[PDB]
Structures are given as C-alpha cells and as structure tokens.
Amino acid sequence: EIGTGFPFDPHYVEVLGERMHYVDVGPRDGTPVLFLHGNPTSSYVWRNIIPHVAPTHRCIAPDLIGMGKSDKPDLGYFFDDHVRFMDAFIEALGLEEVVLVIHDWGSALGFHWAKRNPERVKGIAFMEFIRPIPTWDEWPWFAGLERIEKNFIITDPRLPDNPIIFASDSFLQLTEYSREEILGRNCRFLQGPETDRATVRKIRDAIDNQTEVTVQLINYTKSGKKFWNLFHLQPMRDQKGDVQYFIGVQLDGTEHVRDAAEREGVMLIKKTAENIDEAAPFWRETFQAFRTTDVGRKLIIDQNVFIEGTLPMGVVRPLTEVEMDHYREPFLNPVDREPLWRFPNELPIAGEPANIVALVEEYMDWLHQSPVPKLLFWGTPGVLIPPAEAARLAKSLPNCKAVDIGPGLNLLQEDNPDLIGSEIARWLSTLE
Ligand SMILES: CCCCCCOCCOCCNC(=O)c1ccc(C(=O)O)c(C2=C3C=CC(=[N+]4CC(F)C4)C=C3[Si](C)(C)c3cc(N4CC(F)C4)ccc32)c1
Ligand SMILES: Cc1cc2nc3c(=O)[nH]c(=O)nc-3n(C[C@H](O)[C@H](O)[C@H](O)COP(=O)(O)O)c2cc1C
Ligand SMILES: [Cl-]
C-alpha cells in the first residue's frame with residue numbers, strides 16, 4: 001500500500017513571533033531541497049516523496065503558518081501573510097541556494113520567492129500550481145466523482161482525438177480496464193472484430209454533428225470477453241454554448257437482453273445522462289460558494305467541508321481513515337479553520353482578486369524567461385492544471401521536462417508518489 005505513516009522527528013523555529021514546524025532529514029553539506037505544501041495539507045502530503053530524495057539531498061518541509069504543527073496566530077491568513085512567514089522561515093534556517101519542490105499554494109510561495117531571489121533557485125519541481133484561471137468553465141465540475149454509483153465517462157473533444165478524461169468506477173468494472181489504461185485514449189479501444197461498422201459510423205457522424213446518439217454495440221473487455229454495450233452519448237456546452245465535453249453513459253453486462261428490455265435500458269441511460277448534466281453546474285458551483293463570507297465560512301469553518309468533502313475529492317484513489325485523521329489533526333478545533341477558508345478566496349479565477357491575479361501573472365512572466373531547470377507533473381483530469389495547459393507549458397517554459405503521473409486531480413503525491421519521487425531524484429542528479 002501507499003504509506004500512511006509520518007516517520008519524521010519534528011523541528012521548530014521562531015518566525016515573526018510564531019513557531020513553525022518543519023521536517024529536516026537527509027545529508028547536511030549540499031544544496032537543500034525545499035518542499036512547499038498548500039491547502040488543506042501540510043508536510044504530510046510530502047511523506048512518500050522525501051524518502052526518494054533523502055539518500056542524496058537535504059529535505060526541508062515546513063508546515064505553513066496556521067497549518068500542520070505550526071502555531072496558529074490571529075491573522076487574516078492572506079497570501080501576503082504566508083509570504084512574510086515563508087520569507088522569514090527561509091532566512092531563519094540560513095538557506096542560501098535551494099531547489100524548490102512546490103504544490104498548490106506552496107507553489108505560489110515558491111514561484112513568488114524565486115522571482116525575487118532568482119540566483120538562489122537552482123531548479124524547480126512543481127505540480128498542480130497556482131496560475132491565472134480565466135474562466136470558471138476551466139474548473140472541472142467532475143473532479144472527485146469517480147465513486148459515484150453511475151457508469152459514465154467524460155471525453156474532451158478539444159484534446160486531439162477526443163480522449164477519455166474521466167471514468168467512474170462502474171466503467172472500470174464493466175470493461176475490466178484500470179483507470180490508467182483508460183484515460184487519455186479514445187473510447188474506440190473497446191471495439192473488436194465483431195463490432196458492427198455501420199453502427200460505429202452512426203456514432204462518428206453524430207459526434208461530428210455535436211449531437212446525441214444512443215446505440216448498442218459489440219465491445220470487448222481487457223480479457224477478450226465480448227459483450228453487448230448499450231450506451232448513450234451527448235454533448236455538454238460551456239457558458240458560450242460551445243461543446244466543451246461529451247458525456248457517455250453505458251449499461252452493464254453482455255446484455256443479450258438488448259431486446260424489449262432494451263427500451264427500458266435506453267430510457268435508463270438517457271435518464272442518467274440528463275441527471276448528470278443537470279447536476280454538473282452545481283458540482284462546480286461549490287468552489288464559488290466557498291468564495292463568499294456568510295455561506296462560505298459556514299461550509300468551510302462551521303461544517304469543515306474542505307477537509308471532509310473537498311480534500312478526498314482532490315485524490316482519485318480513496319484516502320484511508322489513517323490518512324484522513326492526519327489531515328484532520330490540525331483542524332479539530334473549528335476556530336483554527338481560517339486558512340482553509342481564506343485560501344480559496346485568494347485563488348485568481350476570472351480576474352478576482354485583482355491583486356493576486358497581477359502577482360501570479362508577474363511570476364508566470366518570470367518563469368517564461370527564466371533558464372532555471374523545471375520539472376512539471378500533471379494528471380488527468382487534474383484540477384488547477386488541465387492537461388492542455390500542461391501541454392502548453394511543456395513547450396513554453398524553457399528548460400522544462402513534463403511528466404504525466406497518470407490519473408490525478410490535485411493532490412498528485414497521493415495517487416502516484418513513487419513516480420513523482422523517483423523522477424525528482426533522477427532530475428536532481430542532472431543538476432548542479
Ligand atoms: C489549492 C487548490 C485545492 C484543490 C481543491 C481540490 O478540488 C477538488 C474538487 O472540489 C470539490 C468541491 N466540492 C465539494 O467539496 C463538495 C460539494 C458537495 C458535496 C455534497 O455532499 O453535496 C460534497 C460531499 C460532502 C460534503 C460535505 C460533507 N460533510 C460535512 C460533514 F463534516 C460531512 C460530506 C461530504 Si461526502 C463524504 C457525503 C461526498 C461524497 C461524494 N461522493 C463520494 C464520491 F463518490 C463523490 C461527493 C461529494 C461529497 C463535497
Ligand atoms: C462520450 C463518448 C463515449 C463513448 N463510449 C464508447 C464506448 O463505450 N464503446 C465504444 O465502442 N465506443 C464509444 N464511443 C465511440 C468512440 O469514441 C468513437 O467516437 C466511435 O468509434 C466513432 O469514431 P471512429 O469512427 O473515429 O472510431 C464513445 C464516444 C463518446 C463521445
Ligand atoms: Cl484553495
């Protein structure tokens with residue numbers, strides 16, 4: 001299993017009148033590697049990465065102020081507050097040059113620090129980072145829905161060849177493929193020799209006409225088992241009425257009951273498609289409600305929805321109870337939940353807040369002209385970084401090597417720590 005323990009002795013340092021906790025392991029003479037977590041996590045999100053780096057390099061992972069084992073003073077916990085504390089933390093440890101490993105709001109911290117101190121950053125690994133998000137349409141409404149008891153997939157017709165970017169657990173059961181064997185491919189891989197080609201044209205024509213179609217079709221499991229697949233597809237449109245996704249709903253079994261009962265099956269998958277489409281904007285409207293005072297604080301501070309509801313929906317795989325208690329630990333007291341609510345209100349989406357938008361633009365500009373080595377991880381569908389944006393950055397950023405970690409949402413270290421860690425370790429070998 002992926003590791004659930006946290007086998008690191010605590011270290012502490014006084015920072016602007018407040019105590020911060022950090023992990024500090026590995027050798028001590030060379031360039032240190034600084035790990036910056038974001039919301040709603042802590043140095044715990046790095047627990048299975050650091051062991052890949054520790055044999056060769058020093059590993060420093062602080063808990064942001066207000067989080068983890070660090071003190072919890074009375075602040076607004078604005079991004080500017082975290083900036084002051086991290087500035088002071090780095091100076092308090094005496095750090096000179098560093099390599100950065102950064103995630104979420106840790107990455108706004110790391111990129112903002114590098115822009116102001118470029119000759120001290122010898123390389124940057126980043127994943128799911130803070131970028132200006134132009135429109136709420138780019139926020140994936142489907143994030144974290146893999147366990148919904150409904151057989152459906154989402155395709156992104158704007159990626160080459162309309163690949164699958166989401167597959168519910170049910171769809172894995174039906175086809176016998178794992179999520180890593182499904183995402184990023186066109187759903188036509190389920191077809192085989194006895195698939196009626198005239199039916200495949202009916203699907204191809206309808207998709208080209210951006211229109212719904214319902215068919216029954218011969219498909220194959222990963223193990224070669226033929227089965228009748230009764231499935232319905234239909235587009236989803238964004239706020240401009242343009243198709244940004246297709247939704248597919250499949251019915252379970254080799255059927256063979258695809259007659260008379262077919263009229264009930266057809267009605268069931270059509271009804272499921274409509275119900276999912278009806279709910280998609282409410283799924284996405286949750287973060288918008290977070291970004292409000294009276295409702296957002298009742299959800300996140302009074303109810304703890306960010307820990308109990310958003311955090312598991314940022315991992316494709318299920319988090320165990322042990323792992324959920326580690327993330328719960330700093331926030332058992334409702335009064336300590338301020339940084340959970342202020343972070344999403346700082347996110348630069350659709351131009352607000354203007355001050356954070358400007359700041360992230362400034363360091364994005366820096367990163368585009370900086371020769372510093374860059375290692376970027378991304379998953380499907382991701383949350384902050386959709387695949388298309390990962391692809392764009394892989395070509396825009398100089399000295400950038402991009403790594404696809406497989407299925408992933410926001411806490412990519414939790415879906416595939418062994419790849420992220422080993423990739424970081426080989427990368428570090430190629431540096432100065
Ligand atoms: C730096 C950037 C950070 C990255 C952020 C990552 O973003 C990931 C996606 O964002 C999701 C935002 N949206 C919500 O959080 C949300 C919305 C609605 C619901 C809902 O129930 O309708 C919930 C929600 C729960 C919500 C609250 C819950 N309590 C409060 C008590 F403490 C328990 C429980 C669940 Si629940 C254990 C009954 C639950 C289950 C669920 N199905 C399980 C799986 F099959 C999907 C879906 C939603 C919930 C959650
Ligand atoms: C949302 C969606 C779901 C689909 N699901 C399946 C499926 O489950 N099985 C299948 O054989 N084809 C499925 N397809 C069809 C293929 O992806 C493809 O569009 C079809 O084979 C016609 O295209 P082609 O002639 O270029 O192969 C789906 C298409 C969409 C848009
Ligand atoms: Cl956030």
# chains A, B, ... in the order shown; residues from 1 in each chain; ligands from 1
$ residues_around --residues "residue 64 of chain A" --least-positions-apart "5" --cutoff "9 Å" --atoms "only C-alpha atoms" --output "list in words"
residues 20, 21, 22, 36, 37, 38, 42, 43, 69, 70, 82, 85, 86 and 106 of chain A
$ write_last_selection --atoms "C-alpha atoms" --output "PDB file, in the first residue's frame"
ATOM      1  CA  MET A  20       6.871  26.902  12.681  1.00  0.00           C
ATOM      2  CA  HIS A  21       7.316  23.145  12.397  1.00  0.00           C
ATOM      3  CA  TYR A  22       9.318  21.505   9.640  1.00  0.00           C
ATOM      4  CA  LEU A  36       6.169  23.588  -0.055  1.00  0.00           C
ATOM      5  CA  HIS A  37       2.663  22.211   0.526  1.00  0.00           C
ATOM      6  CA  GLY A  38      -0.606  24.108   0.025  1.00  0.00           C
ATOM      7  CA  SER A  42       0.845  20.033   5.382  1.00  0.00           C
ATOM      8  CA  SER A  43       4.278  18.381   5.274  1.00  0.00           C
ATOM      9  CA  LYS A  69       2.088  21.531  13.609  1.00  0.00           C
ATOM     10  CA  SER A  70       2.908  25.242  13.211  1.00  0.00           C
ATOM     11  CA  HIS A  82       2.128  33.395   4.172  1.00  0.00           C
ATOM     12  CA  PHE A  85       6.284  33.994   7.162  1.00  0.00           C
ATOM     13  CA  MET A  86       7.989  31.915   4.426  1.00  0.00           C
ATOM     14  CA  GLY A 106       3.137  26.262  -1.783  1.00  0.00           C
TER      15      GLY A 106
END
$ residues_near_ligand --ligand "ligand 2" --cutoff "6 Å" --atoms "only C-alpha atoms and all ligand atoms" --output "VMD selection string"
chain A and resid 154 to 155 186 to 188 190 to 191 200 to 201 203 to 204 219 233 246 to 248
$ write_last_selection --atoms "N, CA and C atoms" --output "compact mmCIF listing (two decimals), in the first residue's frame"
# COMPACT_ATOMS: atom_id res chain seq x y z
N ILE A 154 -16.35 10.93 -19.30
CA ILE A 154 -16.33 12.23 -19.98
C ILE A 154 -15.18 12.24 -20.97
N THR A 155 -15.46 12.69 -22.19
CA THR A 155 -14.43 12.91 -23.19
C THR A 155 -14.24 14.41 -23.41
N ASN A 186 -9.03 7.36 -26.89
CA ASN A 186 -10.38 7.37 -27.45
C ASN A 186 -11.11 6.08 -27.08
N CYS A 187 -12.38 6.21 -26.70
CA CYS A 187 -13.15 5.06 -26.24
C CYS A 187 -13.32 3.97 -27.29
N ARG A 188 -12.83 4.18 -28.51
CA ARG A 188 -12.99 3.14 -29.51
C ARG A 188 -12.09 1.93 -29.26
N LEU A 190 -12.44 -0.22 -27.05
CA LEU A 190 -13.28 -1.33 -26.63
C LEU A 190 -13.81 -2.14 -27.80
N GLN A 191 -13.62 -1.68 -29.03
CA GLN A 191 -14.13 -2.35 -30.21
C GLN A 191 -13.21 -3.49 -30.67
N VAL A 200 -20.72 2.11 -35.86
CA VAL A 200 -19.63 3.00 -35.48
C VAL A 200 -19.70 4.30 -36.27
N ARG A 201 -20.08 4.22 -37.55
CA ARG A 201 -20.34 5.41 -38.35
C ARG A 201 -21.48 6.25 -37.78
N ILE A 203 -22.18 6.60 -34.69
CA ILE A 203 -21.57 7.33 -33.60
C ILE A 203 -20.68 8.44 -34.15
N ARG A 204 -19.85 8.10 -35.14
CA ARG A 204 -18.91 9.08 -35.68
C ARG A 204 -19.63 10.28 -36.27
N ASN A 219 -18.60 -4.85 -27.85
CA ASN A 219 -17.39 -4.35 -27.22
C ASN A 219 -16.66 -5.53 -26.58
N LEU A 233 -24.56 8.85 -25.65
CA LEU A 233 -23.64 9.98 -25.56
C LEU A 233 -24.35 11.25 -25.99
N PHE A 246 -18.13 15.73 -24.06
CA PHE A 246 -19.16 14.72 -24.27
C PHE A 246 -19.28 13.87 -23.01
N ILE A 247 -20.50 13.49 -22.68
CA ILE A 247 -20.80 12.58 -21.58
C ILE A 247 -21.25 11.26 -22.19
N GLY A 248 -20.70 10.16 -21.69
CA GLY A 248 -21.09 8.82 -22.12
C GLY A 248 -21.65 8.03 -20.96
$ residues_near_ligand --ligand "ligand 1" --cutoff "7 Å" --atoms "only C-alpha atoms and all ligand atoms" --output "VMD selection string"
chain A and resid 38 to 39 104 to 105 143 to 149 283 286 to 287 303 to 306 308 to 311 313 to 314 344 383 to 384 409 to 410
$ write_last_selection --atoms "C-alpha atoms" --output "short mmCIF file (atom, residue, chain, number, x, y, z; two decimals), in the first residue's frame"
data_model
loop_
_atom_site.label_atom_id
_atom_site.label_comp_id
_atom_site.auth_asym_id
_atom_site.auth_seq_id
_atom_site.Cartn_x
_atom_site.Cartn_y
_atom_site.Cartn_z
CA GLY A 38 -0.61 24.11 0.02
CA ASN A 39 -4.33 23.91 1.13
CA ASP A 104 -0.78 24.32 -4.78
CA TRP A 105 -0.37 27.46 -2.63
CA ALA A 143 -13.46 16.36 -10.03
CA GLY A 144 -13.63 13.59 -7.43
CA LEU A 145 -16.76 11.86 -8.78
CA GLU A 146 -15.06 8.51 -9.59
CA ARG A 147 -17.05 6.73 -6.86
CA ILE A 148 -20.49 7.93 -7.97
CA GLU A 149 -22.60 4.82 -8.37
CA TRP A 283 -20.88 20.42 -8.58
CA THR A 286 -19.25 24.62 -4.77
CA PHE A 287 -15.96 26.48 -5.06
CA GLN A 303 -19.05 22.43 8.75
CA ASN A 304 -15.46 21.55 7.70
CA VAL A 305 -16.49 20.72 4.14
CA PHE A 306 -12.96 21.46 2.84
CA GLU A 308 -14.37 16.21 4.88
CA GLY A 309 -15.54 16.92 1.31
CA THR A 310 -13.05 18.75 -0.93
CA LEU A 311 -9.84 17.05 0.20
CA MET A 313 -12.31 14.87 -3.97
CA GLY A 314 -8.75 16.03 -4.75
CA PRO A 344 -9.85 29.57 -1.89
CA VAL A 383 -7.87 20.39 -11.03
CA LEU A 384 -5.82 23.59 -11.32
CA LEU A 409 -6.75 15.53 -9.51
CA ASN A 410 -4.98 17.97 -7.15
#
$ select_by_dssp --residues "segment 6-215 of chain A" --states "strand (DSSP E)" --output "number ranges by chain"
A: 11-15, 18-25, 33-36, 59-62, 98-104, 121-129, 152-155, 164-167, 213-215
$ write_last_selection --atoms "C-alpha atoms" --output "PDB file, in the first residue's frame"
ATOM      1  CA  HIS A  11      11.888  20.579  14.154  1.00  0.00           C
ATOM      2  CA  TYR A  12      10.816  24.088  15.147  1.00  0.00           C
ATOM      3  CA  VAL A  13      11.967  27.670  14.559  1.00  0.00           C
ATOM      4  CA  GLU A  14      10.764  31.056  15.808  1.00  0.00           C
ATOM      5  CA  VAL A  15       9.410  33.091  12.895  1.00  0.00           C
ATOM      6  CA  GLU A  18       5.346  32.381  15.980  1.00  0.00           C
ATOM      7  CA  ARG A  19       6.713  28.833  15.942  1.00  0.00           C
ATOM      8  CA  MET A  20       6.871  26.902  12.681  1.00  0.00           C
ATOM      9  CA  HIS A  21       7.316  23.145  12.397  1.00  0.00           C
ATOM     10  CA  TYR A  22       9.318  21.505   9.640  1.00  0.00           C
ATOM     11  CA  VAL A  23      10.721  18.194   8.521  1.00  0.00           C
ATOM     12  CA  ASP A  24      14.522  18.214   8.164  1.00  0.00           C
ATOM     13  CA  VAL A  25      16.235  14.972   7.059  1.00  0.00           C
ATOM     14  CA  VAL A  33      15.517  20.684  -1.373  1.00  0.00           C
ATOM     15  CA  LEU A  34      12.603  22.727  -0.006  1.00  0.00           C
ATOM     16  CA  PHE A  35       9.110  21.166  -0.108  1.00  0.00           C
ATOM     17  CA  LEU A  36       6.169  23.588  -0.055  1.00  0.00           C
ATOM     18  CA  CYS A  59      14.996  17.633   2.644  1.00  0.00           C
ATOM     19  CA  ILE A  60      13.227  20.597   4.281  1.00  0.00           C
ATOM     20  CA  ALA A  61       9.412  20.619   4.500  1.00  0.00           C
ATOM     21  CA  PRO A  62       7.742  23.318   6.637  1.00  0.00           C
ATOM     22  CA  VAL A  98      17.840  25.925  -2.943  1.00  0.00           C
ATOM     23  CA  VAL A  99      15.948  23.550  -5.196  1.00  0.00           C
ATOM     24  CA  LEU A 100      12.154  24.028  -4.869  1.00  0.00           C
ATOM     25  CA  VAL A 101       9.518  21.258  -4.750  1.00  0.00           C
ATOM     26  CA  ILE A 102       6.183  23.035  -4.654  1.00  0.00           C
ATOM     27  CA  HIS A 103       2.438  22.317  -4.904  1.00  0.00           C
ATOM     28  CA  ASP A 104      -0.776  24.319  -4.782  1.00  0.00           C
ATOM     29  CA  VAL A 121      16.998  28.835  -7.105  1.00  0.00           C
ATOM     30  CA  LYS A 122      18.872  26.094  -8.941  1.00  0.00           C
ATOM     31  CA  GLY A 123      15.787  24.194 -10.132  1.00  0.00           C
ATOM     32  CA  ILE A 124      12.030  23.911  -9.555  1.00  0.00           C
ATOM     33  CA  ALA A 125       9.810  20.851  -9.463  1.00  0.00           C
ATOM     34  CA  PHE A 126       6.118  21.799  -9.431  1.00  0.00           C
ATOM     35  CA  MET A 127       2.709  20.152  -9.771  1.00  0.00           C
ATOM     36  CA  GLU A 128      -0.941  21.432  -9.606  1.00  0.00           C
ATOM     37  CA  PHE A 129       0.170  25.037  -9.202  1.00  0.00           C
ATOM     38  CA  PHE A 152     -20.256   7.120 -17.160  1.00  0.00           C
ATOM     39  CA  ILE A 153     -17.189   8.708 -18.780  1.00  0.00           C
ATOM     40  CA  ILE A 154     -16.331  12.228 -19.975  1.00  0.00           C
ATOM     41  CA  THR A 155     -14.427  12.911 -23.187  1.00  0.00           C
ATOM     42  CA  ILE A 164     -11.449   9.951 -22.108  1.00  0.00           C
ATOM     43  CA  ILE A 165     -10.516  12.292 -19.234  1.00  0.00           C
ATOM     44  CA  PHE A 166     -12.867  10.795 -16.623  1.00  0.00           C
ATOM     45  CA  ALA A 167     -14.148   7.276 -15.925  1.00  0.00           C
ATOM     46  CA  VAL A 213     -26.968   9.284 -30.169  1.00  0.00           C
ATOM     47  CA  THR A 214     -27.920   6.012 -28.457  1.00  0.00           C
ATOM     48  CA  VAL A 215     -26.601   2.704 -29.828  1.00  0.00           C
TER      49      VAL A 215
END
$ residues_around --residues "residue 211 of chain A" --least-positions-apart "4" --cutoff "9 Å" --atoms "only C-alpha atoms" --output "PDB file with C-alpha atoms, in the first residue's frame"
ATOM      1  CA  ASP A 205     -21.478  11.132 -37.625  1.00  0.00           C
ATOM      2  CA  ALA A 206     -23.372  12.236 -34.505  1.00  0.00           C
ATOM      3  CA  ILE A 207     -20.239  13.327 -32.644  1.00  0.00           C
ATOM      4  CA  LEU A 233     -23.641   9.979 -25.560  1.00  0.00           C
ATOM      5  CA  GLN A 234     -24.444  13.681 -25.732  1.00  0.00           C
ATOM      6  CA  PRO A 235     -22.520  16.981 -25.628  1.00  0.00           C
TER       7      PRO A 235
END
$ atom_distance --atom1 "atom CA of residue 360 of chain A" --atom2 "atom CA of residue 292 of chain A"
21.6 Å
$ select_by_dssp --residues "segment 4-118 of chain A" --states "alpha helix (DSSP H)" --output "number ranges by chain"
A: 50-53, 79-92, 105-116
$ closest_residue --among "A:277, A:365, A:415, A:242" --to "residue 312 of chain A" --atoms "only C-alpha atoms"
A:415
$ atom_distance --atom1 "atom CA of residue 210 of chain A" --atom2 "atom CA of residue 230 of chain A"
19.6 Å
$ atom_distance --atom1 "atom CA of residue 134 of chain A" --atom2 "atom CA of residue 355 of chain A"
14.7 Å
